[PDB]
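Student: task: produce atomic coordinates for the following.
(2 chains, ligands or ions: 3)
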Amino acid sequence: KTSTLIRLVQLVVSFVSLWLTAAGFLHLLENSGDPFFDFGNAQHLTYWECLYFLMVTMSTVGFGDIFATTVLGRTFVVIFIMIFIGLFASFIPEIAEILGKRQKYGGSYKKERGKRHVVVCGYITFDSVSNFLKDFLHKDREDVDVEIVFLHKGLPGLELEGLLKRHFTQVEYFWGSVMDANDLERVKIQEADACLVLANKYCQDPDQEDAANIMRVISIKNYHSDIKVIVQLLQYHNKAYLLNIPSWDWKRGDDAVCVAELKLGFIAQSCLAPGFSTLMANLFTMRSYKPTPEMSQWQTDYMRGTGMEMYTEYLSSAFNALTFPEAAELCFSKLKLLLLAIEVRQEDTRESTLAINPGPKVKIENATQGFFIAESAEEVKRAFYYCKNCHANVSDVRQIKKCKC
Amino acid sequence: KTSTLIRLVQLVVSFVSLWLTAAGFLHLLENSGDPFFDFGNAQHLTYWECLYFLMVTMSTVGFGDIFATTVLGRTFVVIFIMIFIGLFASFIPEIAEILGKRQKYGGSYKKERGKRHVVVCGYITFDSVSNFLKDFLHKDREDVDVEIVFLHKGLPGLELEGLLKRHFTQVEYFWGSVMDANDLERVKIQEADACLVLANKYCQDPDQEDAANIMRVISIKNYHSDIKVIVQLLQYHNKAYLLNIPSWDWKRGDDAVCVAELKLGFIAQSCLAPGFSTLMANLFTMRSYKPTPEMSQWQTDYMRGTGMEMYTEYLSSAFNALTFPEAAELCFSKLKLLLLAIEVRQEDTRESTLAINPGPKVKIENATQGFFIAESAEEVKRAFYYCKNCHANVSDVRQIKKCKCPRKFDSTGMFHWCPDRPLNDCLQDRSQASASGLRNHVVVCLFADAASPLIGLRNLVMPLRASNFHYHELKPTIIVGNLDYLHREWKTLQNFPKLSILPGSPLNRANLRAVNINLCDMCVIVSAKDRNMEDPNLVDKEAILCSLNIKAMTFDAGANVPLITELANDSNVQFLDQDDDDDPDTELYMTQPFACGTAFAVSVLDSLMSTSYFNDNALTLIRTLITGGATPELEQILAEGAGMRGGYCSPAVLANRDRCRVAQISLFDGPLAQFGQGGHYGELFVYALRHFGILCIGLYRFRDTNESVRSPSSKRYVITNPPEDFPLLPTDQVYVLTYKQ
Ligand SMILES: [Ba+2]
Ligand SMILES: [Ba+2]
Ligand SMILES: [Ba+2]
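Tutor: Numbers count the residues shown, from 1 in each chain, chains lettered A, B, ... in the order given. Ligands and ions are numbered 1, 2, ... in the order given. You can find the structure just below:
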């Protein structure tokens, strides 16, 4: 099924055929004798012994167990030595390049059921992948099994190869491209959870890179039309081209991460309130709180805050029909949680309208989703189990778990 | 005869001479003994045995049958080991590079008598050769033995090597160039049938590539002065340089296949009649009709039409002294053949004037050549054997075999014309474009840079301005694209009336709102940018983005906008439609975009290099069908560098003003509406031909019946010349070769 394989099999077949015919020739001439001496020097030499001796002398070993005693046998031995040496001297380079033509990153991706995987493509490159790998495979995660199946065109770098090897239990790599449906079948996009598309944030033509990324999104949506795709864009005006894709449903999960918009908005919010860039750069990034005696008071106090993240939880039955300020100050004073925002538009027509610190007019409806700032998911789980009576005065929030209705 | 051969023989002679002299030296020293022991250790060792042992130890084998027993013999053995090891360590690299210097594609081309071969040169490259190989070596051909003898400079690619190997019984390859008479002798051009010259359709300087191709043609004509040469050109203005070659005789077979002219003319004819690009892209290309149970009704009905081709045959004695409409409707009703055109000027002075669907005035002379649309050559053979009596009432055509005896026009009068005006005379902004009530017009979304290579928008607007259209029938073409590129194009574009310009990117939705695109009759999407230097799948990013953006708009009919994207890489066609659900490995045709006329690939023009060789009259029929006539005198006029010129032309040259154009008609309403009420295609064909002189080429039919439940889309696919008893849906449209409006 491969031209290189055809070439390799042709070479090996030619080699073995010449080996066999030379063995037969030498066996005949050695067992027959020499007409110069009227065949008086013939020796009883089995053909398989001649095959042994011939391969021994082809490998430039020459044990000497079997050897040509006949004069013409010796002459044929020498002639075959020249022929073999010239044959290799002429045929080694193509064998070497055939061996080097073996791609080390082909093959499909195989996973077992229940093991989610995420396809990552676009601008796979050490600097562009290192931060995403640090956040995605960060150590103190609620590590539901998820494998990052990369799909890039060129060979990975040496440091990128080290990243691949050190996370080999989770991270894989596959030569190919997004715009090949066979390639997307290799990485099993039909049963993938999501498909991230990284971008080159420092390219000379942001519009062309954004167009290429949108083309990759088009390919992904053409292959599988109901897969969540997270796209890294370089310009805000190129964020509307994704709306043209008929399979791009924002409500279904597809999002665009605009580099310019998000970066300059972080900076602008820092302009409004200094240091607000690093507040949200740590709110929405996996960081580890591992205090050490070396770090000072301020440094430990900041490292405690950097390890705190944002989570989503459904407000328990207690918060129902309650105003937002009361609910938030109850989550802080009682449950020791920081309730930022709530999805509120689920009342009339459609969900996904995040009221951030809304006025007292907005009331908590039943089973609304609220966003909390907390150390981990177990702490925010308390917001789902709080009840009017069974947790009315329960201090030591560790005990606010699984009310009995 | 070769310096490398001299070097190799010198090395091998030196090696053998040192081998022999070392053998002699070792033999002498071993058989003499050792003066240290007074020659008491000498052994009877024959010289040939020493030669054996020496070559054994040179190969690093060392059997041990023969060995140096003398002490000085052993010392010489070791010394020769150092000398040999150093000799190889110093001389291996030059041996390796000499072995690598052996060109694997030299040598001449040898063929046996009776086996025609075609030389192909120019831009031999996997993408540029794959389509031409698909058409030329297509499986169900009348495969008269013909070998494609390539002649290119560099090594073929890995995929090109695979193409060479898989067609090795027919396709060969030879290192060299066209501009070497020895090279042209190697590929036996002196006894070649033709010599095609491919071109790089995506080069950064089309003029330089065209000049190089014309130089190759000059070389070929200098070597052999009576060989048919088919040339692939990138610009229409470079098509006149071939007339300067004294050995270039158009009547003798030499033709020029202009990429820009043919591509933009296909697109313009699609503008006049939607989906007409893929009708002729399948009429003049070898396609296989292999219906399978997997394919649906519409897909099989289209695949039956794509397998139908155009052939040339001499009209039998029955058609003599008969008018064209009668002959054509007889070939359809009786012989079940579609007679498009006839060569008619053989009457007075010279042949090769293809009257396409001529009026009843033209009569069929004796032994005239007519062009038919048929499945294969055996079907068109019936047109040569039909007779008045022996086939008067013979049904089952299988048995019809072997009878027993104030408007300013261009000076040529072919195109509408206006006096040269500056660019700002038509340049408009969004306010002016919106103010002008453009309706049923043609929008051209042109993705070009300020320095992107010229593509000749003339060839897009030239067919749009044919003199057979009334001035009020002219579609007002408006171009939305870069402004500097349009400054460069205006020198050629200025002479066409009703043209307009809107600068700025066509991806900008405000432009498309301004130049009403919900109301436009066609929205061409051409990309003039320099591509194919990037990833092949990312080549058409801008065209696909524009198509999706236009299809996603809303007005006060986003998907009802008729647009024809042109694809540089055909594999991108899959991204044009999402409901197609077609496999990625499907060929360019059989895909919903191409089968519906929405997509168009330049690769089709490559296949036109094949048919133009097999059928001499194919290209001149294509140009007459496409470019509004493009009389040779017109490119002689343009060859004078003065540009397109003319005034109020005399009625004598206006006689050709009413020729046969291609258009679409609707069976929903009109004199032909009754045939849409469950009628059959043959009835419509015969009635239209007899009553209006209208030649129904084929059908443009909804992909699924437009009932808003089967398919709520306005998507239509093309069927080229459906059978006699084809049912006619009332919503079907008909491609017609209408004459006199
Ligand atoms: Ba944490
Ligand atoms: Ba056929
Ligand atoms: Ba598709």
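Student: list the contacts for residue A:357?
Tutor: Residues near residue A:357 by Cβ atoms under 8 Å, 6 or more residues apart in numbering or on different chains: A:324, A:328, A:340, A:341. (C-beta placed from N, C-alpha, C; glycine too.)
Student: who are the packing partners of whichever strand or helix holds the second one?
Tutor: Counting by DSSP states H and E, the secondary-structure element that holds residue A:328 is helix A:324-333. Based on contacts counted as 3 or more Cβ pairs under 8 Å, 6 or more residues apart in numbering or on different chains; DSSP states H and E, the elements that helix A:324-333 packs against are strand A:338-343, strand A:363-364.
Student: so which of the ones you listed comes closest to residue A:377?
Tutor: For residue A:377, the closest of the helices and strands packed on helix A:324-333 is strand A:338-343, at 14.5 Å, according to Cβ to Cβ.
Student: hmm, who's touching the closest one?
Tutor: A:310, A:315, A:324, A:327-328, A:331-332, A:351-358, A:362, A:364, A:368-374, A:383.
Student: ok and it relative to helix A:324-333, angle-wise?
Tutor: Following axes from the mean of the first three to the mean of the last three Cα atoms, to 10 degrees, one obtains 140 degrees for the angle between strand A:338-343 and helix A:324-333.
Student: list the buried residues in whichever helix or strand comes after strand A:338-343.
Tutor: Per DSSP H and E, the first helix or strand lying C-terminal to strand A:338-343 is strand A:354-356. In terms of neighbour count (16 or more other Cβ atoms under 10 Å in any protein chain shown), strand A:354-356 has no buried residues at all.
Student: next one: stretch A:165-172
Tutor: The neighbour-count check on stretch A:165-172 (16+ other Cβ under 10 Å) flags A:171, A:172 as buried.
Student: separation between residue A:8 and residue A:90?
Tutor: Using Cβ to Cβ, to the nearest Å, residue A:8 is found at 16 Å from residue A:90.
Student: who in chain A is up against ligand 3?
Tutor: Selection of chain A residues close to ligand 3 by Cβ under 5 Å from the ion yields residue A:222.
Student: what about the strands in chain A?
Tutor: A:116-121, A:146-151, A:171-172, A:194-197, A:228-233, A:255-258, A:309-314, A:322-323, A:338-343, A:354-356, A:363-364, A:369-374 (DSSP state E).
Student: out of those strands, the one nearest residue A:281 is which?
Tutor: Residue A:281 sits nearest to strand A:309-314 of all these, at 12.0 Å, using Cβ to Cβ.
Student: for the stretch 51-200 of chain A, which residue gets nearest to ligand 2?
Tutor: With Cβ to the ion, the shortest gap between the stretch 51-200 of chain A and ligand 2 falls at residue A:181, namely 29.4 Å.
Student: roughly how far does that residue sit from ligand 1?
Tutor: 40 Å (Cβ to the ion, to the nearest Å).
Student: buried residues in stretch A:300-318, which are they?
Tutor: Applying a neighbour-count criterion of 16+ other Cβ under 10 Å, one finds A:303, A:306, A:307, A:308, A:309, A:310, A:311, A:313, A:315, A:316, A:317, A:318 buried in stretch A:300-318.
Student: which two from these end up farthest apart in space?
Tutor: The most widely separated members of the buried residues of stretch A:300-318, counting by Cβ to Cβ, are A:303 and A:317 (36.2 Å).
Student: rewinding a little: and the helix holding residue A:328, how far out from the chain middle?
Tutor: 41 Å (Cα atoms, centre = their mean, to the nearest Å).
Student: before we move on, what about stretch A:61-69?
Tutor: 56 Å.
Student: next, see if it gets close to chain B.
Tutor: Yes: counting by Cβ under 8 Å from any Cβ of the partner chain, chain B is contacted by stretch A:61-69 at A:61, A:62, A:64, A:67, A:68.
Student: for residue A:34, what are its contacts?
Tutor: Applying Cβ under 8 Å, 6+ apart to residue A:34 gives the contacts A:40, A:41, A:42, A:70, A:71, A:72, A:73.
Student: what's around the residue in the stretch 101-250 of chain A that ligand 1 sits nearest to, how many residues?
Tutor: Residue nearest to ligand 1 within the stretch 101-250 of chain A: residue A:140 (5.8 Å; Cβ to the ion). Residues near residue A:140, counting by other Cβ atoms under 10 Å in any protein chain shown, number 13.
Student: go on, residue A:26?
Tutor: 23.
Student: my guess is it meets residue A:67, correct?
Tutor: No: taking Cβ atoms under 8 Å as the definition, residue A:26 is not a contact partner of residue A:67, at 10.9 Å.
Student: on that earlier part again, how much space between the residue of the stretch 101-250 of chain A closest to ligand 1 and residue A:312?
Tutor: Separation of residue A:140 from residue A:312 (Cβ to Cβ) stands at 19 Å.
Student: with the contacts of residue A:357 in mind, which one is nearest to ligand 2?
Tutor: Distance to ligand 2 across the contacts of residue A:357 (Cβ to the ion) is lowest for residue A:341, with 66.5 Å.
Student: which residue packs closest to the closest one, ignoring adjacent ones?
Tutor: Excluding the flanking residues, the one nearest residue A:341 by Cβ to Cβ, 6 or more residues apart in numbering or on different chains is residue A:356, at 4.2 Å.
Student: is stretch A:145-152 up against chain B anywhere?
Tutor: No: taking Cβ under 8 Å from any Cβ as the criterion, stretch A:145-152 and chain B are apart, separated by no less than 12.0 Å.
Student: ok now that stretch, how far from the chain's centre?
Tutor: 3 Å.
Student: show residues contacting that stretch.
Tutor: Contacts of stretch A:145-152 (Cβ under 8 Å, 6+ apart): A:109, A:111, A:114-122, A:124, A:129, A:133, A:136-137, A:164, A:167, A:170-178, A:183-184, A:186-188, A:192-193.
Student: pull out the buried positions in it.
Tutor: A:146, A:147, A:148, A:149, A:150, A:151, A:152.
Student: ligand 1 next: which of those are close?
Tutor: Near ligand 1, by the rule Cβ under 5 Å from the ion, you find none of the buried residues of stretch A:145-152.
Student: make a markdown table from the residues you listed and add distance to residue A:48 to it.
Tutor: Formatted as a markdown table, the buried residues of stretch A:145-152 follow (distance: Cβ to Cβ, whole Å):
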| residue | distance to residue A:48 |
| --- | --- |
| A:146 | 58 |
| A:147 | 52 |
| A:148 | 55 |
| A:149 | 51 |
| A:150 | 52 |
| A:151 | 52 |
| A:152 | 52 |
